[PDB]
Amino acid sequence: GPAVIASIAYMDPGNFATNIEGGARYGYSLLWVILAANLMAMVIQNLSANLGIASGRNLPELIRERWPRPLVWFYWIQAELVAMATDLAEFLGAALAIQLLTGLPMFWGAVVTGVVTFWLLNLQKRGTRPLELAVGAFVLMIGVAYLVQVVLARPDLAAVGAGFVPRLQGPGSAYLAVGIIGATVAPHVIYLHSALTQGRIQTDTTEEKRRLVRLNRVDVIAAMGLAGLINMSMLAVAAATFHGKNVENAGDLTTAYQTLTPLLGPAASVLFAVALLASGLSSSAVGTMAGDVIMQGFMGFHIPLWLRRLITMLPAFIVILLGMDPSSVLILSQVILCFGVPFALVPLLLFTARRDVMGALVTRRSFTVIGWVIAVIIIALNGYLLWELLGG
Ligand SMILES: CCCCCCCC/C=C/CCCCCCCC(=O)OC[C@H](O)CO
Ligand SMILES: CCCCCCCC/C=C/CCCCCCCC(=O)OC[C@H](O)CO
Ligand SMILES: CCCCCCCC/C=C\CCCCCCCC(=O)OC[C@H](O)CO
Ligand SMILES: CCCCCCCC/C=C\CCCCCCCC(=O)OC[C@H](O)CO
Ligand SMILES: CCCCCCCC/C=C\CCCCCCCC(=O)OC[C@H](O)CO
Ligand SMILES: CCCCCCCC/C=C\CCCCCCCC(=O)OC[C@H](O)CO
Ligand SMILES: CCCCCCCC/C=C\CCCCCCCC(=O)OC[C@H](O)CO
Ligand SMILES: CCCCCCCC/C=C\CCCCCCCC(=O)OC[C@H](O)CO
Ligand SMILES: CCCCCCCC/C=C\CCCCCCCC(=O)OC[C@H](O)CO
Ligand SMILES: [Cl-]
Ligand SMILES: [Cl-]
Ligand SMILES: [Mn+2]
Ligand SMILES: [Mn+2]
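Right, here's the structure in full:
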């Protein structure tokens with residue numbers, strides 16, 4: 045199912061870190077963030093998909109051919125920082141799941157992750173098909189587990205209802221709300237989702253274009269709606285499990301399995317870690333593939349795929365060697381990703397409103413306004429958080 049495959053692709057280790065920590069530390073009060081970020085991602089990914097259908101090119105390619113060279117260089121560098129921050133959460137989340145399963149130190153967990161990710165890149169498309177379905181089964185069923193657990197946990201519905209009213213409770217809640225937006229509105233997909241759509245036309249004609257826009261819109265919203273229900277459920281179960289109970293290391297990903305213990309029993313620790321590992325390995329390989337496509341779109345050339353894989357591993361090993369907490373840096377990476385969202389939105393909103401780019405598929409003037417409002421909101425939230433990190 046198209047809703048199933050995309051919800052699994054969007055459930056990266058960054059979502060696990062932000063949902064568990066969000067519910068455990070702030071209860072249900074951040075449910076409106078997940079709902080809002082999911083609705084924003086619906087509009088943004090629809091524009092990114094409609095850009096590839098109408099133009100036949102991805103967003104990095106259109107920037108390379110239309111904007112002045114120094115601006116293309118700056119946009120390539122910031123998209124490369126998005127690449128490292130995206131891979132940092134996924135590569136480390138897999139290494140963390142290795143520790144949750146085997147007990148190896150985080151350094152060796154990254155070594156095992158590095159060997160698997162290096163080997164996973166050499167595989168062809170026909171060899172990874174059973175693996176893409178395998179990782180999907182693990183992540184999907186864990187998502188359904190939280191959907192069932194959010195009912196069985198009997199959440200305080202008075203607190204659940206109030207959590208959908210936007211309330212930012214200081215700087216700490218703004219830090220985690222920004223991380224949830226970055227974990228939902230993935231800037232790496234903003235550049236990439238155009239490349240998945242480019243060429244999806246069977247044969248060039250306006251009729252086929254409006255057909256694929258119709259199909260993509262239904263599939264994206266259905267998947268996002270499912271991913272949003274799972275994310276809200278995982279945060280709500282984390283709130284019912286830890287919030288207010290003063291549990292040692294609550295919100296951390298090493299104790300997140302306790303959210304599914306009343307449903308899974310002794311299997312909650314293995315099933316959660318296996319899902320965290322599968323979510324980390326698949327998203328780290330896809331992101332590495334996407335980063336290479338993004339560089340070719342911006343610069344017309346790329347570095348060897350093994351070299352890109354080696355460079356993205358360096359921040360993960362350094363964080364491990366520094367003794368930093370894995371769950372905390374996963375959240376930090378999503379916060380940095382949220383600062384890359386407005387940079388990706390500006391060319392997206394500008395290109396999807398041009399006839400020489402979209403042809404007959406120019407975005408409705410209303411949705412262009414909504415897209416700019418989303419950009420101003422995320423800029424304000426990123427500015428609101430970055431303000432209190434300097435004092436205010
Ligand atoms: C591929 C799927 C199967 C997974 C197998 C990975 C394949 C590559 C393993 C390389 C060595 C990593 C194995 C662990 C490192 C060996 C040394 C070790 O175990 O060290 C433990 C000690 O506690 C530390 O001080
Ligand atoms: C917090 C902010 C609230 C967010 C509000 C949520 C609105 C729900 C929108 C869902 C998908 C929107 C799809 C928009 C598709 C626009 C396509 C268009 O305008 O036509 C162009 C042509 O069809 C091809 O490019
Ligand atoms: C935090 C976001 C990412 C941080 C990014 C920081 C670096 C910005 C990139 C290049 C410097 C400005 C462009 C100059 C280098 C591009 C070479 C070029 O094509 O143009 C040269 C000159 O600027 C023609 O006027
Ligand atoms: C299109 C049909 C209407 C959409 C159906 C939902 C009804 C609420 C309206 C918009 C949702 C977003 C706004 C809801 C949040 C209240 C307004 C707000 O943002 O302020 C926050 C809070 O009230 C400060 O204390
Ligand atoms: C491509 C990005 C565009 C570049 C443009 C701006 C870049 C700034 C990025 C991140 C600043 C935020 C750093 C967050 C560091 C906060 C450390 C922390 O742990 O915060 C704790 C929180 O206050 C309670 O838990
Ligand atoms: C068909 C295959 C289906 C079965 C496959 C999954 C079954 C998992 C079985 C044993 C869990 C091994 C872990 C030992 C018990 C863990 C329960 C627990 O309390 O967790 C402690 C935690 O590891 C401390 O941090
Ligand atoms: C991160 C700072 C710079 C890191 C860079 C130094 C690390 C090199 C060490 C081991 C990798 C060696 C991999 C060898 C792969 C062989 C592929 C080859 O033949 O190289 C030609 C070209 O790279 C493609 O065709
Ligand atoms: C704190 C609140 C934010 C503070 C920071 C302010 C940033 C505001 C960003 C966008 C405003 C609306 C911009 C709408 C631009 C529309 C441009 C357009 O439609 O086409 C013109 C294009 O430049 C032809 O090449
Ligand atoms: C890198 C991606 C993000 C770019 C980062 C841009 C940072 C600065 C932009 C906007 C400032 C944020 C404005 C926050 C809104 C609060 C300011 C305000 O209006 O104060 C309220 C009232 O005036 C007092 O009583
Ligand atoms: Cl242009
Ligand atoms: Cl409460
Ligand atoms: Mn994500
Ligand atoms: Mn930890």
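Each residue of the sequence shown is one higher than the one before, starting from 45 at the first, in the entry's author numbering.
Even for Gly, the Cβ is constructed at its ideal location relative to N, Cα and C.
Consult DSSP for residue i and reduce its assignment to one of helix, strand or coil.
i	result
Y72	coil
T303	helix
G341	helix
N275	helix
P359	helix
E251	helix
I347	coil
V209	coil
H237	helix
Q193	helix
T172	coil
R244	coil
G158	helix
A294	coil
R353	helix
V318	helix
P370	helix
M185	helix
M55	coil
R261	helix
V179	helix
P149	coil
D200	coil
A230	coil
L433	coil
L167	coil
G331	helix
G214	coil
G45	coil
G223	helix
Please return the same chain residues whose Cβ sits closer than 8 Å to the Cβ of residue i, not counting the five positions on each side in sequence.
i	result
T356	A127, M128, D131, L132, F135, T332 and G335
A300	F60, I64, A282 and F316
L91	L392, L393, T396, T407, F411 and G415
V264	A50, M86, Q89, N90 and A93
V209	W76
residue 23	There is no way to answer for residue 23, as the model of the chain reaches only from 45 to 436.
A197	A280, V281, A284, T285 and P306
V48	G180, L184, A267 and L270
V314	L145
Beta-carbon within less than 6 Å of residue i's beta-carbon, same chain only, minus the 5 sequence neighbours each way: which residues are those?
i	result
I338	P104, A123 and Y235
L144	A317
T303	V281, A282 and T285
residue 438	No answer is possible for residue 438: it lies beyond the span of the chain, which begins at 45 and ends at 436.
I97	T241, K253, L256 and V257
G243	none
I225	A81 and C382
CB-CB under 7 Å to residue i, same chain, minus the five flanking residues each way: which ones, in chain order?
i	result
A138	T157, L321, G324, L325 and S328
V160	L325
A404	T250
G272	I78, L79 and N82
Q340	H346
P231	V126, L381, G384, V385 and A388
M268	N82, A85 and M86
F342	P104, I107, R108, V116, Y119, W120 and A123
| query | Whole alpha helix (DSSP H) runs in the stretch 59-145 with 4 or more residues, listed along the chain? | reply | 75-99 and 103-110
| Just the residues with CB closer than 7 Å to a heavy atom of ligand 7, in chain order, which are they? | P348, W350, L351, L354, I355 and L358
| field | 3-residue-minimum beta strand (DSSP E) runs that sit fully inside the stretch 374-415, ordered along the chain | value | none
| query | Using the beta carbon as the reference atom, which residues fall closer than 6 Å to any heavy atom of ligand 3, ordered along the chain? | reply | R113, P114, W117, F118, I121, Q122 and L125
| request: Let me have the residue list for ligand 6: C-beta closer than 5 Å to any non-hydrogen atom, ordered along the chain. | output: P310, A311, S313 and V314
| When a residue counts only if its C-beta is closer than 6 Å to some heavy atom of ligand 12, which residues count, in chain order? | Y54, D56, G58, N59, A227 and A230
| query | What does the shell around ligand 13 hold, if a residue joins when its beta-carbon is under 6 Å from any heavy atom? | reply | Per the Cβ criterion, the list is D296, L297, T298, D369, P370 and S371.
| What residues come near ligand 11, if near means a beta carbon less than 5 Å from any of its heavy atoms? | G71 and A203
| task | Starting from the N-terminal end, write out each residue whose C-beta falls within a distance shorter than 7 Å of any non-hydrogen atom of ligand 4. | result | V209, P210 and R211
| task | Let me have the residue list for ligand 8: C-beta closer than 7 Å to any non-hydrogen atom, ordered along the chain. | result | Having a Cβ closer than 7 Å to some heavy atom of ligand 8 are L394, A397, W416, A419, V420, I423, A424 and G427.
| query | What residues come near ligand 2, if near means a beta carbon less than 5 Å from any of its heavy atoms? | reply | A80, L83, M86, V87, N90, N94, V257, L405, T407, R408 and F411
| message | Any residue with its Cβ nearer than 5 Å to a heavy atom of ligand 1 should be included. What is that list in chain order? | response | Every residue passing the under-5 Å Cβ criterion appears here: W152, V156 and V159.
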